[PDB]
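What follows is one chain in structure tokens, specifically the form deposited in one PDB entry.
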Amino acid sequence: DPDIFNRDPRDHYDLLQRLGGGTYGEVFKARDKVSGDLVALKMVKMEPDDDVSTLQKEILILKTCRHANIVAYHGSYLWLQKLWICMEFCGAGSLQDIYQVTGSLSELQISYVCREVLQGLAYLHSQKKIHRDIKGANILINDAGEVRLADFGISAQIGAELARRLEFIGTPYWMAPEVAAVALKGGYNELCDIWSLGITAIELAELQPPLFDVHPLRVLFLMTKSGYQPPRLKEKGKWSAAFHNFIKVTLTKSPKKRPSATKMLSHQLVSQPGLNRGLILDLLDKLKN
């Protein structure tokens, strides 16, 4: 990055609190020494021999996003084998931080979250970007009750891993076109984010994703099996027919039939009035008292 700060970020910010980790790195709450503005600073250990392609990709993804529902990027620092990515601070943390205190979200609360995430996903997919890690831990909430997607760590890692395999596949002259296609395009597309959103709506409603108690390797085998049945909401009567249908369509098994983010934004669950940040401000009041 030519815009990188070759300086210690503690010249500009006071580190206030450890916020936890992401796919990689550790996130800090920090305060601008001159303005008093709060930021989130993600510190990643970056040794001299290490491949910097994943972090280069993550900063490129963030830097070229200009949408309210994607965490804002302020800049990055490189100093003493540490790279610091400076981003928008979201005072209430993740939806997982929240629901671990408050309990299950109401259907209206889930609907507002799903609409805001779909707006961010529509934007990302309009740039040929894929989040690939949509879940409650990656959906952040600020003090105003606004929603922001975060942690492009998985997306950047896939992007760097695919580019590293490309320069090392060797002679392709005897390769089958499907092997070359998966080596260049990963074998799936942006609709994987729509499925993840459906699982996330279940997560916000039930405090855990479906099959959370099943071994992760076994969950992968069950999903790859012909005849895999998409998950559903456990309680029938507690949720509206519109919410049950939202889960049904986002959790379409075939990616060829799964609706896009833009198509999902016209679903009645997320296009209803009364969907605004005040619903999350009520959730934040429940967290406090």
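Think of the rigid core as the biggest set of C-alphas that the two forms share within 1.5 Å after superposition. Start at 1 and count along the sequence shown; that's the residue number.
The form deposited in another entry is left out here; the points below concern that form.
> Only one of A180, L108, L207, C192 shifts by 2 Å or more at CA between this form and the one not shown when the core is aligned; which is it?
So the residue whose C-alpha moves 2 Å or more is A180.
> For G20, does the CA position differ by 2 Å or more between this form and the one not shown when the superposition is done on the rigid core?
Yes; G20 is a residue whose C-alpha shifts (by 2 Å or more) between this form and the one not shown when the cores are overlaid.
> Against the rigid core, is the Cα displacement of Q229 between this form and the one not shown at least 2 Å?
No: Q229 shifts by under 2 Å between this form and the one not shown.
> Spell out whether the Cα of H244 moves at least 2 Å between this form and the one not shown when the two forms are superposed on their rigid core.
No: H244 shifts by under 2 Å between this form and the one not shown.
> Any idea whether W195 and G22 get closer or farther by CA distance in the other form, knowing it moves 3 angstroms or more?
They are farther apart; the C-alpha distance rises by 3 Å or more in the other form.
> What direction does the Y228-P177 Cα distance move in the other form compared with the shown chain, closer or farther, given a change of 3 Å or more?
Closer in the other form, by 3 Å or more.
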